[PDB]
Every structure is written in structure tokens, then in C-alpha cells.
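Shown next: entry-v3.pdb, containing PDB, C-alpha atoms.
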ATOM      1  CA  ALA A  47      98.231  91.946 125.995  1.00  0.00           C
ATOM      2  CA  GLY A  48      99.399  94.754 123.717  1.00  0.00           C
ATOM      3  CA  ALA A  49     102.357  95.275 121.390  1.00  0.00           C
ATOM      4  CA  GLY A  50     102.079  99.056 121.632  1.00  0.00           C
ATOM      5  CA  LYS A  51      99.247 101.562 121.992  1.00  0.00           C
ATOM      6  CA  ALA A  52      98.456 105.057 123.258  1.00  0.00           C
ATOM      7  CA  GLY A  53      95.558 107.122 124.591  1.00  0.00           C
ATOM      8  CA  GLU A  54      96.312 108.484 128.058  1.00  0.00           C
ATOM      9  CA  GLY A  55      99.170 110.970 127.768  1.00  0.00           C
ATOM     10  CA  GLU A  56     100.886 109.080 124.957  1.00  0.00           C
ATOM     11  CA  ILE A  57      99.787 110.066 121.458  1.00  0.00           C
ATOM     12  CA  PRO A  58      98.799 107.076 119.238  1.00  0.00           C
ATOM     13  CA  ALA A  59     100.652 106.634 115.950  1.00  0.00           C
ATOM     14  CA  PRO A  60      98.656 106.776 112.664  1.00  0.00           C
ATOM     15  CA  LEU A  61     100.436 103.714 111.288  1.00  0.00           C
ATOM     16  CA  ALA A  62     103.337 101.347 111.933  1.00  0.00           C
ATOM     17  CA  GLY A  63     106.208 103.150 110.218  1.00  0.00           C
ATOM     18  CA  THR A  64     109.647 104.451 111.170  1.00  0.00           C
ATOM     19  CA  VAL A  65     110.771 107.590 112.994  1.00  0.00           C
ATOM     20  CA  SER A  66     112.590 109.965 110.653  1.00  0.00           C
ATOM     21  CA  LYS A  67     113.095 113.109 112.726  1.00  0.00           C
ATOM     22  CA  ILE A  68     111.868 114.562 116.016  1.00  0.00           C
ATOM     23  CA  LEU A  69     110.340 118.042 116.048  1.00  0.00           C
ATOM     24  CA  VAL A  70     109.395 118.241 119.724  1.00  0.00           C
ATOM     25  CA  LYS A  71     111.613 117.508 122.716  1.00  0.00           C
ATOM     26  CA  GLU A  72     111.214 117.279 126.490  1.00  0.00           C
ATOM     27  CA  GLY A  73     110.948 120.955 127.414  1.00  0.00           C
ATOM     28  CA  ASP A  74     109.202 122.457 124.390  1.00  0.00           C
ATOM     29  CA  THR A  75     105.449 123.031 124.233  1.00  0.00           C
ATOM     30  CA  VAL A  76     103.199 121.857 121.407  1.00  0.00           C
ATOM     31  CA  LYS A  77      99.754 122.749 120.079  1.00  0.00           C
ATOM     32  CA  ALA A  78      96.822 120.631 118.910  1.00  0.00           C
ATOM     33  CA  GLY A  79      97.622 120.382 115.203  1.00  0.00           C
ATOM     34  CA  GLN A  80     101.293 121.360 115.160  1.00  0.00           C
ATOM     35  CA  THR A  81     103.673 118.679 113.898  1.00  0.00           C
ATOM     36  CA  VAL A  82     105.512 116.811 116.650  1.00  0.00           C
ATOM     37  CA  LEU A  83     107.422 114.168 114.688  1.00  0.00           C
ATOM     38  CA  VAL A  84     107.905 112.907 111.135  1.00  0.00           C
ATOM     39  CA  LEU A  85     107.265 109.276 110.208  1.00  0.00           C
ATOM     40  CA  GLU A  86     108.382 107.138 107.274  1.00  0.00           C
ATOM     41  CA  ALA A  87     106.285 104.279 105.907  1.00  0.00           C
ATOM     42  CA  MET A  88     105.680 102.842 102.439  1.00  0.00           C
ATOM     43  CA  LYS A  89     108.363 105.201 101.133  1.00  0.00           C
ATOM     44  CA  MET A  90     106.128 108.111 102.126  1.00  0.00           C
ATOM     45  CA  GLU A  91     106.922 110.761 104.731  1.00  0.00           C
ATOM     46  CA  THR A  92     104.033 111.239 107.152  1.00  0.00           C
ATOM     47  CA  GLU A  93     103.780 114.183 109.539  1.00  0.00           C
ATOM     48  CA  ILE A  94     102.522 113.598 113.075  1.00  0.00           C
ATOM     49  CA  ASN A  95     100.345 116.308 114.607  1.00  0.00           C
ATOM     50  CA  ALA A  96      99.626 116.528 118.331  1.00  0.00           C
ATOM     51  CA  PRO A  97      96.052 115.531 119.351  1.00  0.00           C
ATOM     52  CA  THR A  98      95.694 118.359 121.865  1.00  0.00           C
ATOM     53  CA  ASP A  99      97.617 121.337 123.229  1.00  0.00           C
ATOM     54  CA  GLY A 100     100.263 120.537 125.832  1.00  0.00           C
ATOM     55  CA  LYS A 101     103.985 120.043 126.410  1.00  0.00           C
ATOM     56  CA  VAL A 102     106.380 117.170 125.732  1.00  0.00           C
ATOM     57  CA  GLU A 103     107.226 115.628 129.100  1.00  0.00           C
ATOM     58  CA  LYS A 104     108.896 112.494 127.737  1.00  0.00           C
ATOM     59  CA  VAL A 105     109.679 111.254 124.231  1.00  0.00           C
ATOM     60  CA  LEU A 106     109.584 107.467 123.948  1.00  0.00           C
ATOM     61  CA  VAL A 107     110.169 107.535 120.194  1.00  0.00           C
ATOM     62  CA  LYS A 108     113.688 108.175 118.909  1.00  0.00           C
ATOM     63  CA  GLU A 109     115.272 108.897 115.531  1.00  0.00           C
ATOM     64  CA  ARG A 110     115.909 105.863 113.327  1.00  0.00           C
ATOM     65  CA  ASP A 111     113.451 103.934 115.488  1.00  0.00           C
ATOM     66  CA  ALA A 112     110.554 101.705 114.449  1.00  0.00           C
ATOM     67  CA  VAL A 113     107.051 102.464 115.707  1.00  0.00           C
ATOM     68  CA  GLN A 114     103.594 100.903 115.481  1.00  0.00           C
ATOM     69  CA  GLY A 115     100.192 102.298 114.511  1.00  0.00           C
ATOM     70  CA  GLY A 116      98.466 103.267 117.753  1.00  0.00           C
ATOM     71  CA  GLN A 117     101.624 102.846 119.839  1.00  0.00           C
ATOM     72  CA  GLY A 118     102.413 105.755 122.153  1.00  0.00           C
ATOM     73  CA  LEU A 119     104.687 108.130 120.255  1.00  0.00           C
ATOM     74  CA  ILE A 120     105.096 111.012 122.696  1.00  0.00           C
ATOM     75  CA  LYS A 121     103.660 111.967 126.081  1.00  0.00           C
ATOM     76  CA  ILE A 122     101.826 115.285 126.313  1.00  0.00           C
ATOM     77  CA  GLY A 123     101.199 117.276 129.487  1.00  0.00           C
TER      78      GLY A 123
END

This structure in C-alpha cells:
Amino acid sequence: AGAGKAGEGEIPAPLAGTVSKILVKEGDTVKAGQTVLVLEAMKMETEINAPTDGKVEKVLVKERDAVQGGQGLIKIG
């Protein structure tokens, strides 16, 4: 009953765009505010900042991949 969303572990996307480049990978740690991945929608590059401090345990989003607003982008832990 859901096309794609996040909240628990997975960070929700700001809008349904396209993955341009990945900044964080499984093994590197991130901080609440630091960019984790770049998005591309409406011909406008949008930076994705982590919601809280943690580490990337698994990246569901990949380069040249389509995402959805709210859909889990990356898992933090």
C-alpha cells in the first residue's frame, strides 16, 4: 500500500527526482546536515542532507536511478 516511503532508518526523499551522484557509501559515516546524495528534478540539482548523525549501512539508491519523494533513499545507523 505504498510506492515508496521512508522514516525508520531510511531517509525520505524531498521530491520524486533522479539520482545524479552518491556522496555516501556503505562504510562511511555521515552527519545531520551533511550532503549524502545529489538529486536531479525539474532540471535543477538538489542536494540531499542526512536527517540525523549516523553511518550508511546500506544504499538502496544508485546512480542514474529514479527515486520518489518520501521514498527511502539511504539507511542510516

Next on the checklist: Given the PyMOL selection byres ((chain A and resi 53) around 10) and the file above, list the residues it selects as number ranges by chain.
Outcome noted: A: 51-52, 54-58, 97, 116-118, 121

Checklist entry - What's the 10 Å shell around residue A:108, counting all atoms listed in the file, without same-chain residues fewer than 4 positions away, as number ranges by chain? => result A: 64-68, 83, 112-113, 119-120

Writer output for current selection, C-alpha atoms, as a short mmCIF file (atom, residue, chain, number, x, y, z; two decimals), in the frame of the given file:
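Printed below is out20.cif as written:
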data_model
loop_
_atom_site.label_atom_id
_atom_site.label_comp_id
_atom_site.auth_asym_id
_atom_site.auth_seq_id
_atom_site.Cartn_x
_atom_site.Cartn_y
_atom_site.Cartn_z
CA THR A 64 109.65 104.45 111.17
CA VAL A 65 110.77 107.59 112.99
CA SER A 66 112.59 109.96 110.65
CA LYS A 67 113.10 113.11 112.73
CA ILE A 68 111.87 114.56 116.02
CA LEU A 83 107.42 114.17 114.69
CA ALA A 112 110.55 101.70 114.45
CA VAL A 113 107.05 102.46 115.71
CA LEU A 119 104.69 108.13 120.26
CA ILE A 120 105.10 111.01 122.70
#

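Using all atoms listed in the file, the shortest contact distance between residue A:114 and any of A:47, A:101, A:77, A:86 is found at A:86.
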
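Between atom CA of residue A:100 and atom CA of residue A:87 lies a distance of 26.4 Å.
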
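For the pair atom CA of residue A:89 and atom CA of residue A:110, the interatomic distance is 14.4 Å.
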
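Here atom CA of residue A:99 is placed at a distance of 24.0 Å from atom CA of residue A:63.
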
Checklist entry - Quick one: residues within 10 Å of residue A:74, only C-alpha atoms counted, chain neighbours fewer than 3 positions away excluded, as JSON, numbers by chain? => result {"A": [69, 70, 71, 100, 101, 102, 103]}

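Take the candidates A:48, A:73, A:115, A:60 and check each one against residue A:95 using all atoms listed in the file; the shortest distance goes to A:60.
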
Checklist entry - Taking the file as shown, what set of residues would the PyMOL selection byres ((chain A and resi 96) around 7) give back, as a VMD selection string? => result chain A and resid 77 to 82 94 to 95 97 to 98

As lines of an AutoDock Vina configuration file, what would the box around stretch 102-120 of chain A look like: edges along x, y and z, 5 Å added on every side, centre and edge lengths in Å to one decimal?
center_x = 107.2
center_y = 109.0
center_z = 121.2
size_x = 27.4
size_y = 26.3
size_z = 25.8

Item to check | Shortest interatomic distance to residue A:84 - which of A:59, A:123, A:72, A:106, counting only C-alpha atoms | outcome: A:59
